[PDB]
Amino acid sequence: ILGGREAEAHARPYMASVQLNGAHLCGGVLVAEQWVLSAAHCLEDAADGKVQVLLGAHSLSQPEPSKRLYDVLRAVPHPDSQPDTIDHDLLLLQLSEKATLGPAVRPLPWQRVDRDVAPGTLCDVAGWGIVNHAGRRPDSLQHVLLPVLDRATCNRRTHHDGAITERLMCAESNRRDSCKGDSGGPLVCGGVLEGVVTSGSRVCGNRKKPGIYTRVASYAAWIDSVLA
Ligand SMILES: O=C(Nc1cccc(Br)n1)[C@@H]1SCCN1C(=O)Cn1ncc2ccccc21
Numbered sequence: 717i718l719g720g721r722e723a724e725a726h727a728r729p730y731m732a733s734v735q736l737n738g739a740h741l742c743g744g745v746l747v748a749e750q751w752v753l754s755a756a757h758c759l760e761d762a763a764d765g766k767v768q769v770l771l772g773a774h775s776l777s778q779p780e781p782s783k784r785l786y787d788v789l790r791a792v793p794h795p796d797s798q799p800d801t802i803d804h805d806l807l808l809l810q811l812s813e814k815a816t817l818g819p820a821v822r823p824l825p826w827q828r829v830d831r832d833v834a835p836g837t838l839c840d841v842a843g844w845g846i847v848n849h850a851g852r853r854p855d856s857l858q859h860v861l862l863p864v865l866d867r868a869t870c871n872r873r874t875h876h877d878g879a880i881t882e883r884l885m886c887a888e889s890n891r892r893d894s895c896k897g898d899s900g901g902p903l904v905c906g907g908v909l910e911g912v913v914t915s916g917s918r919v920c921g922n923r924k925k926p927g928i929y930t931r932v933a934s935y936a937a938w939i940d941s942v943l944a
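Once you know that position 35 of the sequence shown is 751 in our numbering, the rest is easy, because the numbers rise by one and skip nothing.
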């Protein structure tokens, strides 16, 4: 998270860390007791290794009572996802067993009604992604409040040149943004999951290239289908 604050310890119980060989790769959001929603390209450059979801954390390294590592029993990518495109950049991970729910582990209600988030709405994106352009990996959870940018502005040739589909949404990127490793993370507006940070390689902190987030309500039927 570029230009953000450190998150309040365990204030976002839905928050998950998709890790490979004890190193954080992507953010994730607990959508059900045994399901974590993330991005489709998080396990791409992955070598022979242990893929695990960390729940109940604030610090990745320090011990916490709430912290629990889970094995990925099933990794369901969106059928229409491709490595080449940021479209349908969703991946549902089923945990080895149901998550032990508590004040620090609670699934987030995700938007089921397909309505665009009103441009200007202040949304909260959190993650353990790089905090500076030098690539400093934060140990503790970080977050930033970004206003939703309208698709028309986002699709300008100077911006994303029509790449933002009706299934995607945007947020402002002037210094304050989401970045590398924030991918797969949640975009929460009014305590409800609206977007998922894309795992597509982009350029953070520049206002002319806004943040791209996959609208969950746009893929509500697929999520429902998988979780059942
Ligand atoms: O690269 C990734 N994770 C990573 C790398 C270094 C440091 C940290 Br913290 N996390 C994940 S796994 C493969 C796709 N990923 C992305 O973060 C993709 N992505 N998402 C935004 C972004 C910006 C610049 C470059 C890549 C970007």
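By construction, the Cβ of each residue, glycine as well, lies at the ideal position given by its N, Cα and C atoms.
Under the DSSP assignment, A791 falls outside any alpha helix (DSSP H), being part of the beta strand (DSSP E) whose first and last residues are 784 to 793. Proximity to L811 across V745, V912, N848, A820 peaks at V745, based on C-alpha coordinates. For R853, the shortest separation between its Cβ and any heavy atom of ligand 1 lies below 7 Å. Distance check between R790 and each of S775, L759, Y929, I802 places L759 closest, using alpha-carbon atoms only.
A distance criterion of 7 Å places the beta-carbon of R918 in contact range of ligand 1, judged by its closest non-hydrogen atom. The segment 811 to 820 and the segment 844 to 851 do not touch, with fewer than 3 CB-CB distances between them shorter than 8 Å. With a 10 Å radius around the Cβ and a threshold of 16 neighbouring Cβ atoms, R873 comes out exposed. According to DSSP, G743 shares a beta bridge with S733. From the listed residues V908, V904, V913, the smallest Cα separation to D898 is found for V913. For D866 and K896, the gap between their C-alpha atoms comes out near 23 Å.
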